[PDB]
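**Q** Take this structure first; my questions come after.
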Amino acid sequence: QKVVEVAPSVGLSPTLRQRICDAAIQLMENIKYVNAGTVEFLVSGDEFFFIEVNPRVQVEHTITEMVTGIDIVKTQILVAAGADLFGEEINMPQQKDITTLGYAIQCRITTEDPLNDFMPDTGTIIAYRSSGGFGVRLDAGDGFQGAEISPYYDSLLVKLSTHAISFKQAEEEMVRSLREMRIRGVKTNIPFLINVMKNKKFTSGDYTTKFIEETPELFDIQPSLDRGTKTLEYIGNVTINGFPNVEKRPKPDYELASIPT
Amino acid sequence: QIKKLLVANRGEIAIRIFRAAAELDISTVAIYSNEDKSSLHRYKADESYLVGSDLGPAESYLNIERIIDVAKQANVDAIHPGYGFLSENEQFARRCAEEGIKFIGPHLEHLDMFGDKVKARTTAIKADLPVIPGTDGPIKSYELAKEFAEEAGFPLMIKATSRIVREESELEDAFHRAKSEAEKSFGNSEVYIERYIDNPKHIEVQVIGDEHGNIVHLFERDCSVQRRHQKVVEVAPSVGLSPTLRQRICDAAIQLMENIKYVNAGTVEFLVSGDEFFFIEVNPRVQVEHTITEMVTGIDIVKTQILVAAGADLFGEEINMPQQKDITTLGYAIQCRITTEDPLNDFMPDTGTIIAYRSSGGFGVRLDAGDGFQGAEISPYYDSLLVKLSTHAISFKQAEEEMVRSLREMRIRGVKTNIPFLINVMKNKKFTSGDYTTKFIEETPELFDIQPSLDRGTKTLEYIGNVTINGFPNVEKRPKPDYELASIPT
Amino acid sequence: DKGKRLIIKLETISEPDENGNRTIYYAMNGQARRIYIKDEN
Amino acid sequence: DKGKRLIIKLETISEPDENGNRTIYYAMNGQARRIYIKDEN
Ligand SMILES: Nc1ncnc2c1ncn2[C@@H]1O[C@H](COP(=O)(O)OP(=O)(O)O)[C@@H](O)[C@H]1O
């Protein structure tokens, strides 16, 4: 299953790209495709092999919007309303003028507790803070404050995507964002995604599908360190179940102390 | 050479720097006044320190010595001033360097050059840039009204070196106000009159220089929509500027800066009427609205500032700037600041606790956090800025739309905001066209056709509430009795 | 209206304050909310 | 630590639910933050 999606591929030759595209325009031309669609492929060195078509939009479309500045979903809608691709509403540039400025990365913040083997955790979200700033894009899913996550659906709290002239910058930003988000009440895959994002093998660029299975220390985790989280557990235990050997009373009103230093 | 960095500022721009620095693996340090005790930017760095248990919040972020003191205490390699406190102040930059700290900025001589409106007048002319004709120096010695009179051209003005004045001796006698104004808010207190250039577009250019002599510009921001003093909305690049006009301004921008060997990011401000342009000022620093420029170029302006301060070269593997002809805009982007300036009531900053808070997101949308989050208390002490919102699309129409709809989808409760006002602006035929000038707000009275919107929800919450606490008439006041279900056939 | 409904949950009412104004904690459509109501002891 | 430090503010507590847990409404470092506690009475 897809964990992290980069566009455009930082590992393709100028020419492979051209062919892998050239091909897609001819399959879809041939069968006169309309609206949006993903022809999946498989590359191995210099030759590549058609695998799949997805007659629809894909989760990871945002990546492609960031690097080209086209609104795929909006066009989808405009296209259905019967509208010249090159006309007014869509203003889509001609083939020879579409380009990809910079690099862009995506990943889905889910509730797959990578410590209970990726079982999607369930329950009530008791704190939710995401991020932003320079080329960061958040598409909301199920995650809000007080949100209620159930067994019944493929869990996805936030789609997070980042972009930048340089693939390292787009990486440096995604990782920053992951370390900033604080999602409480539920376990998430954030620690695992951080680990992918920070790996030599990933940030390098040459990686195959065997990337993950061939990398043990992605699953190296210590269950998150909390100075701030455990302490609240205390301050609101004593407040209600007391403290063994002190007058149950309310916190008495104490003299202000003056503390020479 | 920069392992750890302090930000001599507060709010959104602190939070922006912390994030740049974060991404460079640089560790981050924040300062705060007594009144910023619970302010978001404090929590967004690694370390944070109070400035003075005893220093008025007014003056807590301008105390050169204590800031540097707090800096030395913590092996800070660099301070980023941000904007609008100690950001344009040579004394601070001087005192930084001496204590072995790297002021992330241009050179002392670029600060002194530009700190004065007169110093920066000469500079502009002596680099062959157009200038607004005005009192050749400032004036002091009084009756300083009666003189420059009838010798330049009809439209005039009194500005005050860092009011209209249409004459008829409305000069000596609108020369009563000056004792409490350019003494307290401005730097060195001085005053000099200028030809009033009517109906001007306000266009500024973003520039960046490394310490190796390479400068580039990142095109122009259109800062024309403003309400009196201050900027309301910025658009980049200027939707309503001709291809050549945009060049000449961009060429001048870079003629001034190439000419006095500028370094780091600064901004050249111009005033634009028909086909003539004029030099207003330079801003030797990042501006609030730089976000706009990052969006249409792709360059990270703040990350770059830091890296230039560390001696990186523009064209090197680490800042990685395109040669100029490769720097391009792609689409249009727009910015506006969600503040608590209440539109209905003479735009007071408003003051309170935010109870509910919700932003936007998706395509085209970028939020730079400020003072505002669910928990927060907003105070009367610094300029209210809850969130910076910027949007971006290939087309300016798509851009703006994208903006109204995330202005509308937003939800901030507990304080009043400028959202109703901002929405009216984004919506307006005049703005949508792109052709607008700086009198856009003067000329549009519809813009203040704010009306307090109905909301079925809040009202309902306020009834239920009443009845729950203080019950309903004739009805035996008692907890809501538990009733039988009984299903409604249909 | 048709397909527009309010889902409202009352979480708590606080204890009255200096001048008898209780604080209702609601949730209403995936949104935390706070209303202020005059008590009459 | 030196220059780190928590800031906690307690808003209210809710009367227990059916599992006898109470809701604390906290604010810690500028995020609203709620925690559950089983009462012992
Ligand atoms: N001589 C002038 N003629 C016409 N418009 C002007 C003139 N001087 C300033 N303005 C306008 O008024 C605004 C305020 O002036 P400015 O000196 O730039 O203030 P600030 O230093 O706060 O930016 C400017 O943004 C510009 O649009």
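Each chain in the structure tokens gets a letter, A, B and so on, in the order shown; residues start at 1 in every chain, and ligands are counted from 1 in the order they appear.
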Which residues are near residue D:29? Cut-off 10 Å, only C-alpha atoms, ignore same chain within fewer than 5 positions. Put them as a PyMOL selection string.
**A** (chain A and resi 228) or (chain B and resi 38-44+375-376) or (chain D and resi 5-9)
**Q** Keeping C-alpha atoms, export the residues of the selection given above as a compact mmCIF listing (two decimals), in the first residue's frame.
**A**
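Heads up, here's the output in result25.txt:
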```txt
# COMPACT_ATOMS: atom_id res chain seq x y z
CA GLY A 228 3.62 17.83 29.55
CA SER B 38 0.39 33.20 27.14
CA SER B 39 1.08 34.15 23.50
CA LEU B 40 1.41 31.43 20.82
CA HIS B 41 4.87 32.38 19.53
CA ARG B 42 6.37 31.69 22.95
CA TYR B 43 5.47 28.03 22.63
CA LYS B 44 6.61 27.68 19.05
CA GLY B 375 -7.40 28.74 23.79
CA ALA B 376 -5.93 32.21 23.21
CA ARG D 5 8.57 25.33 31.13
CA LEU D 6 4.94 24.24 31.18
CA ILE D 7 1.98 26.63 31.57
CA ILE D 8 -1.24 24.97 32.80
CA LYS D 9 -4.62 26.64 33.33
```
**Q** Extract, using only C-alpha atoms, all DNA, RNA and protein residues at most 8 Å from stretch 18-26 of chain B, discarding same-chain residues fewer than 3 positions from it, and format them as a PyMOL selection string.
**A** (chain A and resi 133+169+172-173+176) or (chain B and resi 2-5+7+14-15+44-45+302-303+306)
**Q** What would you get as a PDB file with N, CA and C atoms, in the first residue's frame if chain D were moved onto chain C by least squares over all of its C-alpha atoms in order?
**A**
```pdb
ATOM      1  N   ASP D   1     -34.150  22.710   7.935  1.00  0.00           N
ATOM      2  CA  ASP D   1     -34.624  22.664   6.562  1.00  0.00           C
ATOM      3  C   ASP D   1     -34.538  21.236   6.058  1.00  0.00           C
ATOM      4  N   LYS D   2     -34.781  21.067   4.765  1.00  0.00           N
ATOM      5  CA  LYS D   2     -34.500  19.814   4.075  1.00  0.00           C
ATOM      6  C   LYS D   2     -32.970  19.674   3.954  1.00  0.00           C
ATOM      7  N   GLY D   3     -32.398  18.801   4.781  1.00  0.00           N
ATOM      8  CA  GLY D   3     -30.969  18.502   4.707  1.00  0.00           C
ATOM      9  C   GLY D   3     -30.029  19.421   5.480  1.00  0.00           C
ATOM     10  N   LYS D   4     -30.548  20.550   5.964  1.00  0.00           N
ATOM     11  CA  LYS D   4     -29.931  21.273   7.077  1.00  0.00           C
ATOM     12  C   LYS D   4     -30.497  20.751   8.386  1.00  0.00           C
ATOM     13  N   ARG D   5     -29.892  21.160   9.489  1.00  0.00           N
ATOM     14  CA  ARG D   5     -30.326  20.731  10.814  1.00  0.00           C
ATOM     15  C   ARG D   5     -29.209  20.930  11.823  1.00  0.00           C
ATOM     16  N   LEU D   6     -29.564  21.451  12.992  1.00  0.00           N
ATOM     17  CA  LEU D   6     -28.603  21.691  14.054  1.00  0.00           C
ATOM     18  C   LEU D   6     -28.344  20.406  14.823  1.00  0.00           C
ATOM     19  N   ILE D   7     -27.148  20.283  15.403  1.00  0.00           N
ATOM     20  CA  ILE D   7     -26.833  19.222  16.365  1.00  0.00           C
ATOM     21  C   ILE D   7     -26.202  19.890  17.586  1.00  0.00           C
ATOM     22  N   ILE D   8     -26.912  19.872  18.714  1.00  0.00           N
ATOM     23  CA  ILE D   8     -26.409  20.446  19.963  1.00  0.00           C
ATOM     24  C   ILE D   8     -26.145  19.381  21.024  1.00  0.00           C
ATOM     25  N   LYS D   9     -25.001  19.489  21.683  1.00  0.00           N
ATOM     26  CA  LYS D   9     -24.670  18.627  22.817  1.00  0.00           C
ATOM     27  C   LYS D   9     -24.192  19.492  23.967  1.00  0.00           C
ATOM     28  N   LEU D  10     -24.781  19.286  25.136  1.00  0.00           N
ATOM     29  CA  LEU D  10     -24.389  20.050  26.304  1.00  0.00           C
ATOM     30  C   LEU D  10     -23.341  19.295  27.125  1.00  0.00           C
ATOM     31  N   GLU D  11     -22.184  19.922  27.342  1.00  0.00           N
ATOM     32  CA  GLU D  11     -21.116  19.280  28.113  1.00  0.00           C
ATOM     33  C   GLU D  11     -21.344  19.482  29.615  1.00  0.00           C
ATOM     34  N   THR D  12     -20.968  20.648  30.155  1.00  0.00           N
ATOM     35  CA  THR D  12     -21.426  21.047  31.506  1.00  0.00           C
ATOM     36  C   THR D  12     -22.033  22.455  31.626  1.00  0.00           C
ATOM     37  N   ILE D  13     -22.277  22.866  32.868  1.00  0.00           N
ATOM     38  CA  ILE D  13     -22.461  24.268  33.230  1.00  0.00           C
ATOM     39  C   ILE D  13     -21.557  24.619  34.430  1.00  0.00           C
ATOM     40  N   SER D  14     -20.942  25.798  34.395  1.00  0.00           N
ATOM     41  CA  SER D  14     -20.162  26.304  35.522  1.00  0.00           C
ATOM     42  C   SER D  14     -21.038  27.012  36.561  1.00  0.00           C
ATOM     43  N   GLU D  15     -20.717  26.836  37.842  1.00  0.00           N
ATOM     44  CA  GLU D  15     -21.318  27.650  38.902  1.00  0.00           C
ATOM     45  C   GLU D  15     -21.005  29.138  38.667  1.00  0.00           C
ATOM     46  N   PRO D  16     -22.006  30.021  38.869  1.00  0.00           N
ATOM     47  CA  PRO D  16     -21.921  31.422  38.451  1.00  0.00           C
ATOM     48  C   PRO D  16     -20.615  32.103  38.837  1.00  0.00           C
ATOM     49  N   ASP D  17     -20.177  33.057  38.020  1.00  0.00           N
ATOM     50  CA  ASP D  17     -19.109  33.978  38.409  1.00  0.00           C
ATOM     51  C   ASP D  17     -19.658  35.167  39.208  1.00  0.00           C
ATOM     52  N   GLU D  18     -18.846  36.220  39.346  1.00  0.00           N
ATOM     53  CA  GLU D  18     -19.169  37.363  40.217  1.00  0.00           C
ATOM     54  C   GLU D  18     -20.274  38.261  39.659  1.00  0.00           C
ATOM     55  N   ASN D  19     -20.474  38.224  38.342  1.00  0.00           N
ATOM     56  CA  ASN D  19     -21.663  38.819  37.721  1.00  0.00           C
ATOM     57  C   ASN D  19     -22.867  37.862  37.674  1.00  0.00           C
ATOM     58  N   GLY D  20     -22.740  36.705  38.324  1.00  0.00           N
ATOM     59  CA  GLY D  20     -23.827  35.729  38.406  1.00  0.00           C
ATOM     60  C   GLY D  20     -24.152  35.029  37.095  1.00  0.00           C
ATOM     61  N   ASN D  21     -23.203  35.049  36.159  1.00  0.00           N
ATOM     62  CA  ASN D  21     -23.367  34.375  34.867  1.00  0.00           C
ATOM     63  C   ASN D  21     -22.773  32.986  34.901  1.00  0.00           C
ATOM     64  N   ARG D  22     -23.417  32.052  34.216  1.00  0.00           N
ATOM     65  CA  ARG D  22     -22.890  30.710  34.134  1.00  0.00           C
ATOM     66  C   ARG D  22     -22.347  30.418  32.755  1.00  0.00           C
ATOM     67  N   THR D  23     -21.304  29.600  32.707  1.00  0.00           N
ATOM     68  CA  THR D  23     -20.772  29.134  31.437  1.00  0.00           C
ATOM     69  C   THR D  23     -21.293  27.756  30.980  1.00  0.00           C
ATOM     70  N   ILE D  24     -22.071  27.761  29.897  1.00  0.00           N
ATOM     71  CA  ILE D  24     -22.446  26.539  29.206  1.00  0.00           C
ATOM     72  C   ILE D  24     -21.388  26.097  28.208  1.00  0.00           C
ATOM     73  N   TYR D  25     -20.960  24.846  28.319  1.00  0.00           N
ATOM     74  CA  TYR D  25     -20.060  24.253  27.335  1.00  0.00           C
ATOM     75  C   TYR D  25     -20.864  23.418  26.338  1.00  0.00           C
ATOM     76  N   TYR D  26     -20.982  23.948  25.124  1.00  0.00           N
ATOM     77  CA  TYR D  26     -21.786  23.364  24.052  1.00  0.00           C
ATOM     78  C   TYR D  26     -20.858  22.731  23.005  1.00  0.00           C
ATOM     79  N   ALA D  27     -21.403  21.808  22.210  1.00  0.00           N
ATOM     80  CA  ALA D  27     -20.848  21.472  20.892  1.00  0.00           C
ATOM     81  C   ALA D  27     -21.939  21.486  19.817  1.00  0.00           C
ATOM     82  N   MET D  28     -21.819  22.418  18.882  1.00  0.00           N
ATOM     83  CA  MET D  28     -22.809  22.582  17.830  1.00  0.00           C
ATOM     84  C   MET D  28     -22.160  22.549  16.438  1.00  0.00           C
ATOM     85  N   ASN D  29     -22.566  21.542  15.665  1.00  0.00           N
ATOM     86  CA  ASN D  29     -21.987  21.257  14.352  1.00  0.00           C
ATOM     87  C   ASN D  29     -20.476  21.207  14.368  1.00  0.00           C
ATOM     88  N   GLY D  30     -19.923  20.334  15.195  1.00  0.00           N
ATOM     89  CA  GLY D  30     -18.483  20.180  15.269  1.00  0.00           C
ATOM     90  C   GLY D  30     -17.667  21.454  15.485  1.00  0.00           C
ATOM     91  N   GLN D  31     -18.197  22.377  16.284  1.00  0.00           N
ATOM     92  CA  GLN D  31     -17.336  23.340  16.960  1.00  0.00           C
ATOM     93  C   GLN D  31     -17.774  23.529  18.403  1.00  0.00           C
ATOM     94  N   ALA D  32     -16.898  23.148  19.329  1.00  0.00           N
ATOM     95  CA  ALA D  32     -16.923  23.688  20.684  1.00  0.00           C
ATOM     96  C   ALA D  32     -17.383  25.143  20.654  1.00  0.00           C
ATOM     97  N   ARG D  33     -18.146  25.525  21.665  1.00  0.00           N
ATOM     98  CA  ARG D  33     -18.957  26.713  21.589  1.00  0.00           C
ATOM     99  C   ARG D  33     -19.548  26.947  22.957  1.00  0.00           C
ATOM    100  N   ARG D  34     -19.316  28.132  23.490  1.00  0.00           N
ATOM    101  CA  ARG D  34     -19.643  28.409  24.871  1.00  0.00           C
ATOM    102  C   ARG D  34     -20.519  29.646  24.900  1.00  0.00           C
ATOM    103  N   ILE D  35     -21.448  29.696  25.840  1.00  0.00           N
ATOM    104  CA  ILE D  35     -22.356  30.820  25.907  1.00  0.00           C
ATOM    105  C   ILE D  35     -22.624  31.226  27.347  1.00  0.00           C
ATOM    106  N   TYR D  36     -22.853  32.522  27.550  1.00  0.00           N
ATOM    107  CA  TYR D  36     -23.038  33.085  28.889  1.00  0.00           C
ATOM    108  C   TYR D  36     -24.518  33.318  29.225  1.00  0.00           C
ATOM    109  N   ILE D  37     -24.898  33.050  30.474  1.00  0.00           N
ATOM    110  CA  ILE D  37     -26.287  33.225  30.936  1.00  0.00           C
ATOM    111  C   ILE D  37     -26.346  33.704  32.378  1.00  0.00           C
ATOM    112  N   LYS D  38     -27.005  34.837  32.591  1.00  0.00           N
ATOM    113  CA  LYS D  38     -27.201  35.366  33.932  1.00  0.00           C
ATOM    114  C   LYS D  38     -28.235  34.477  34.589  1.00  0.00           C
ATOM    115  N   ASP D  39     -27.899  33.907  35.753  1.00  0.00           N
ATOM    116  CA  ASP D  39     -28.883  33.134  36.533  1.00  0.00           C
ATOM    117  C   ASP D  39     -29.872  34.074  37.216  1.00  0.00           C
ATOM    118  N   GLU D  40     -31.052  33.540  37.540  1.00  0.00           N
ATOM    119  CA  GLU D  40     -32.112  34.305  38.191  1.00  0.00           C
ATOM    120  C   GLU D  40     -32.509  33.784  39.589  1.00  0.00           C
ATOM    121  N   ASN D  41     -31.526  33.384  40.400  1.00  0.00           N
ATOM    122  CA  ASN D  41     -31.806  32.819  41.723  1.00  0.00           C
ATOM    123  C   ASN D  41     -30.984  33.432  42.856  1.00  0.00           C
TER     124      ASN D  41
END
```
**Q** Report the distance between atom CA of residue B:332 and atom CA of residue A:158 in Å, rounded to one decimal place.
**A**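 We find that atom CA of residue B:332 and atom CA of residue A:158 lie 26.5 Å from each other.
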**Q** Which chains and residue numbers are within 6 Å of ligand 1, counting only C-alpha atoms and all ligand atoms, if I want them as a list in words?
**A**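 I would give the residues around ligand 1 as residues 194, 195, 196, 197, 198, 202 and 229 of chain B.
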**Q** Go ahead and write the selection's residues with N, CA, C and O atoms as a short mmCIF file (atom, residue, chain, number, x, y, z; two decimals), in the first residue's frame.
**A**
```cif
data_model
loop_
_atom_site.label_atom_id
_atom_site.label_comp_id
_atom_site.auth_asym_id
_atom_site.auth_seq_id
_atom_site.Cartn_x
_atom_site.Cartn_y
_atom_site.Cartn_z
N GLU B 194 5.94 67.45 0.06
CA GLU B 194 6.05 66.64 -1.15
C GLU B 194 4.90 66.86 -2.12
O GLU B 194 3.74 66.97 -1.72
N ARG B 195 5.22 66.87 -3.40
CA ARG B 195 4.20 66.88 -4.44
C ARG B 195 3.33 65.67 -4.24
O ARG B 195 3.82 64.55 -4.24
N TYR B 196 2.02 65.90 -4.07
CA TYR B 196 1.03 64.82 -3.88
C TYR B 196 0.69 64.09 -5.20
O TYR B 196 0.00 64.63 -6.07
N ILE B 197 1.19 62.88 -5.39
CA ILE B 197 0.92 62.23 -6.66
C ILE B 197 -0.42 61.51 -6.63
O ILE B 197 -0.58 60.53 -5.93
N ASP B 198 -1.39 62.05 -7.36
CA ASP B 198 -2.78 61.65 -7.19
C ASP B 198 -3.08 60.30 -7.85
O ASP B 198 -2.50 59.96 -8.88
N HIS B 202 0.38 51.48 -5.83
CA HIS B 202 1.50 51.34 -4.89
C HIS B 202 2.17 50.02 -5.11
O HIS B 202 1.67 49.00 -4.68
N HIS B 229 -3.79 55.14 6.46
CA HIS B 229 -2.37 54.79 6.59
C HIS B 229 -2.09 53.42 5.91
O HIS B 229 -1.52 53.35 4.81
#
```
**Q** What are the nearest atom pairs, with distances in Å to one decimal, for all residues of chain A that come at most 8 Å from chain C, using only C-alpha atoms, set out by chain and rising residue number as a tab-separated table?
**A**
```
residue	atom	partner	partner_atom	distance
A:144	CA	C:30	CA	7.6
A:145	CA	C:30	CA	7.6
A:146	CA	C:30	CA	7.0
A:147	CA	C:30	CA	6.9
```
**Q** At a cut-off of 12 Å, can you tabulate as a Markdown table every residue of chain B near chain D together with its closest atom pair and the distance in Å to one decimal, using only C-alpha atoms and ordering rows by chain then number?
**A**
```
| residue | atom | partner | partner_atom | distance |
| --- | --- | --- | --- | --- |
| B:28 | CA | D:3 | CA | 11.1 |
| B:29 | CA | D:3 | CA | 8.6 |
| B:30 | CA | D:3 | CA | 9.0 |
| B:31 | CA | D:3 | CA | 9.8 |
| B:32 | CA | D:3 | CA | 11.6 |
| B:36 | CA | D:30 | CA | 11.5 |
| B:37 | CA | D:7 | CA | 9.2 |
| B:38 | CA | D:30 | CA | 6.8 |
| B:39 | CA | D:30 | CA | 7.2 |
| B:40 | CA | D:30 | CA | 5.9 |
| B:41 | CA | D:30 | CA | 9.2 |
| B:42 | CA | D:29 | CA | 8.4 |
| B:43 | CA | D:29 | CA | 6.0 |
| B:44 | CA | D:29 | CA | 9.1 |
| B:45 | CA | D:4 | CA | 9.4 |
| B:46 | CA | D:4 | CA | 7.2 |
| B:47 | CA | D:3 | CA | 4.8 |
| B:48 | CA | D:3 | CA | 5.0 |
| B:49 | CA | D:3 | CA | 5.6 |
| B:50 | CA | D:3 | CA | 8.8 |
| B:51 | CA | D:3 | CA | 11.6 |
| B:70 | CA | D:3 | CA | 10.5 |
| B:71 | CA | D:3 | CA | 11.8 |
| B:73 | CA | D:2 | CA | 10.3 |
| B:74 | CA | D:3 | CA | 9.3 |
| B:353 | CA | D:30 | CA | 11.9 |
| B:354 | CA | D:32 | CA | 10.8 |
| B:355 | CA | D:32 | CA | 9.7 |
| B:356 | CA | D:32 | CA | 10.3 |
| B:357 | CA | D:32 | CA | 11.0 |
| B:370 | CA | D:30 | CA | 11.9 |
| B:371 | CA | D:30 | CA | 10.0 |
| B:372 | CA | D:30 | CA | 9.5 |
| B:373 | CA | D:30 | CA | 7.3 |
| B:374 | CA | D:32 | CA | 6.5 |
| B:375 | CA | D:32 | CA | 5.2 |
| B:376 | CA | D:30 | CA | 6.4 |
| B:377 | CA | D:30 | CA | 9.4 |
| B:378 | CA | D:30 | CA | 12.0 |
```
**Q** For C-alpha atoms, I'd like the residues from the last selection saved as a JSON list (two decimals), in the first residue's frame.
**A**
```json
[["chain", "number", "residue", "atom", "x", "y", "z"],
["B", 28, "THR", "CA", 15.28, 28.42, 18.04],
["B", 29, "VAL", "CA", 14.92, 30.88, 20.90],
["B", 30, "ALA", "CA", 12.04, 33.25, 21.72],
["B", 31, "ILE", "CA", 11.61, 36.30, 23.94],
["B", 32, "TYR", "CA", 8.38, 37.73, 25.37],
["B", 36, "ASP", "CA", 2.88, 37.96, 25.99],
["B", 37, "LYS", "CA", 2.99, 35.40, 28.84],
["B", 38, "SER", "CA", 0.39, 33.20, 27.14],
["B", 39, "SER", "CA", 1.08, 34.15, 23.50],
["B", 40, "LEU", "CA", 1.41, 31.43, 20.82],
["B", 41, "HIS", "CA", 4.87, 32.38, 19.53],
["B", 42, "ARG", "CA", 6.37, 31.69, 22.95],
["B", 43, "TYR", "CA", 5.47, 28.03, 22.63],
["B", 44, "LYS", "CA", 6.61, 27.68, 19.05],
["B", 45, "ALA", "CA", 10.38, 27.90, 19.72],
["B", 46, "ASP", "CA", 12.60, 25.42, 21.56],
["B", 47, "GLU", "CA", 13.60, 27.84, 24.29],
["B", 48, "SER", "CA", 11.82, 30.99, 25.45],
["B", 49, "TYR", "CA", 12.76, 33.65, 28.01],
["B", 50, "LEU", "CA", 11.00, 36.59, 29.65],
["B", 51, "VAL", "CA", 12.71, 39.88, 28.83],
["B", 70, "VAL", "CA", 19.18, 37.12, 26.93],
["B", 71, "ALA", "CA", 20.98, 36.18, 23.69],
["B", 73, "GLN", "CA", 23.04, 33.77, 28.10],
["B", 74, "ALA", "CA", 22.14, 31.15, 25.46],
["B", 353, "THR", "CA", -10.75, 35.10, 24.69],
["B", 354, "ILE", "CA", -11.22, 33.08, 21.53],
["B", 355, "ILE", "CA", -13.65, 30.27, 22.42],
["B", 356, "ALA", "CA", -14.00, 28.61, 18.98],
["B", 357, "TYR", "CA", -11.54, 28.83, 16.13],
["B", 370, "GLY", "CA", -0.39, 34.52, 14.44],
["B", 371, "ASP", "CA", -2.02, 35.36, 17.74],
["B", 372, "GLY", "CA", -5.07, 33.20, 17.19],
["B", 373, "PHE", "CA", -5.92, 29.70, 18.40],
["B", 374, "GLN", "CA", -8.81, 28.09, 20.32],
["B", 375, "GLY", "CA", -7.40, 28.74, 23.79],
["B", 376, "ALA", "CA", -5.93, 32.21, 23.21],
["B", 377, "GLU", "CA", -6.54, 35.54, 24.91],
["B", 378, "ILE", "CA", -6.03, 38.58, 22.65]]
```
